[PDB]
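Heads up, the thing below is written out as structure tokens.
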Ligand SMILES: Cc1cn([C@H]2C[C@H](OP(=O)(O)O)[C@@H](COP(=O)(O)O)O2)c(=O)[nH]c1=O
Ligand SMILES: [Ca+2]
């Protein structure tokens, strides 16, 4: 089963990438299963969500934990709320980069995207 692990925000980079302190080492992390462009709006939403959180958690999927750029690949939670899902639910990201076997939350995210699109939010306006 997947599990959540603590981490610390060092810096928000853009809509879907961040620097975290993870087990005592600074690392770039990249959100699984999403692509953010509405570029500046996606960056702003991500930054506010992670900076305001009191607790950040990393949840790796069941395959590779890093990409070819050395970035951690994870579902990131801000006070227990998944940031990847929050961005898609606002129409500030699309479900993208789906690489098996790291696809555990794909259906969940796809349903959020469908809602954003049905509500004509942001990218879908
Ligand atoms: C989200 C994700 C991206 N990537 C790669 C695909 C893209 O490669 P290329 O750079 O070769 O196109 C790149 C896009 O990331 P960004 O959207 O941060 O630029 O990161 C993965 O390998 N695994 C992943 O889970
Ligand atoms: Ca991107």
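Quick note: the coordinates plus some simple rules give every number you see, no bench work behind them. Because the Cβ atoms are built from the backbone with ideal geometry, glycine has one as well, and the counts that use them run over all protein chains shown.
Observations, loosely collected:
- Fraction of beta bridges assigned by DSSP in the chain that are antiparallel (%, nearest 5): 90
- Alpha-carbon centroid distance for the pair the range 97-125 / the range 1-55, whole angstrom: 18
- With an a/c value under 1.5 for the gyration tensor axes a ≥ b ≥ c computed over the alpha-carbon atoms, the range 1-101 is described as rounded.
- Global form of the range 47-125, assessed from the alpha-carbon gyration tensor, a/c cut-off 1.5: oblate
- For 43, 125, order by how many other beta-carbon atoms lie within 10 Å, fewest first: 125, 43
- Residues 16, 79, sorted so that the one with the fewest Cβ neighbours within 10 Å comes first: 79, 16
- Per-residue Cβ neighbour counts within 10 Å put 97, 38, 69 in the sequence 69, 97, 38, beginning with the fewest.
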